[PDB]
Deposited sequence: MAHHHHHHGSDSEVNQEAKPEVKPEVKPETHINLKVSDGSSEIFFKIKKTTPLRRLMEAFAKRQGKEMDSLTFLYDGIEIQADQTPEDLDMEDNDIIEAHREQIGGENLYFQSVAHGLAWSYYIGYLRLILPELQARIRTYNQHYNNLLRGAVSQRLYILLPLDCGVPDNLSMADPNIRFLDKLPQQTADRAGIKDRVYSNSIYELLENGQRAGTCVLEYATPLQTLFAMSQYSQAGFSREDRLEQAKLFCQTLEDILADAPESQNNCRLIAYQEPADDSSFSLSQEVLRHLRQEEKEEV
């Protein structure tokens, strides 16, 4: 299926390359002299899985209580002819009643953004019903992959949701479960 291919390639081609290096990047950030007077950034990459495929590029636009804090130090790796291919990731503070309640590395799974966009292209022959069905399957397959890869599972958390809705409250429940 479309979802099976996307979930496996997102895992092999992105998560499997960044998750073994994430812990050390977070620790480097947390131990840096410019960051010692702030709360520690939580371990793990928090992956947003909107089942409606509504993927904005700016997280603060989807919820004002999600405030951009900083970028992690970048990771580089030679990848398929791209020398020093750069992996950047962003740190966000989660606000509860105007107060900092948590800090974590957060992003959306970009194949959910491309699934939404595919349904809009006449040439793709991909309906809104296809988009909905494949987005759910993408999330299920990604869960199945990560469950059987404990090394990858311990360094990430999948945040699935349907869409007043509070995205910050959803991230905070996962952040507090730890």
Can you list the gaps, numbered from 1 on the deposited sequence, where no C-alpha is modelled?
-> 1-112, 276-280, 296-300
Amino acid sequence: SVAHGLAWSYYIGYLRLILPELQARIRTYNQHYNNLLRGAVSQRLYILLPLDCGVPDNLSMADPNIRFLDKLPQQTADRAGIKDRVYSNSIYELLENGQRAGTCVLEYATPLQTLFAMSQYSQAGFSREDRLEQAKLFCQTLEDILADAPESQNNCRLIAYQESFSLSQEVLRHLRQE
From here on, numbers count along this sequence of modelled residues.
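Rigid core: the largest C-alpha set superposing within 1.5 Å between the two forms.
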Of 64-72 and 132-140, the one with the larger RMS C-alpha deviation from the shown form in 7 other deposited structures of this protein, core-superposed, is 132-140
Would you say which of 43-51 and 119-127 moves more relative to the shown form in 7 other deposited structures of this protein, going by RMS C-alpha distance with the core superposed?
-> 119-127
Indicate yes or no: is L146 absent from the model in at least a third of the other PDB entries of this protein that were compared?
-> no
Other compared entries: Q169 unbuilt in at least a third?
-> no
Read off the CA B-factors in the entry, average them over 154-162 and over 6-14, and name the higher stretch.
-> 154-162
Between 97-105 and 83-91, which has the higher average C-alpha B-factor in the PDB entry?
-> 97-105
According to the deposited entry, which of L48, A147, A124, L112 has the largest Cα B-factor?
-> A147
Sort the modelled residues of this chain by their C-alpha B factor and say whether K136 lands in the lowest, middle or highest third.
-> lowest
Chain-wide C-alpha B factor ranking for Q120, given as lowest, middle or highest third | lowest
Check where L19 lands among this chain's C-alpha B-factors and tell me if it's the lowest, middle or highest third.
-> lowest
Quick one: classify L59 as lowest, middle or highest third of the chain based on its Cα B-factor.
-> highest
Rank-wise, by C-alpha B-factor, drop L142 into the lowest, middle or highest third of its chain.
-> lowest
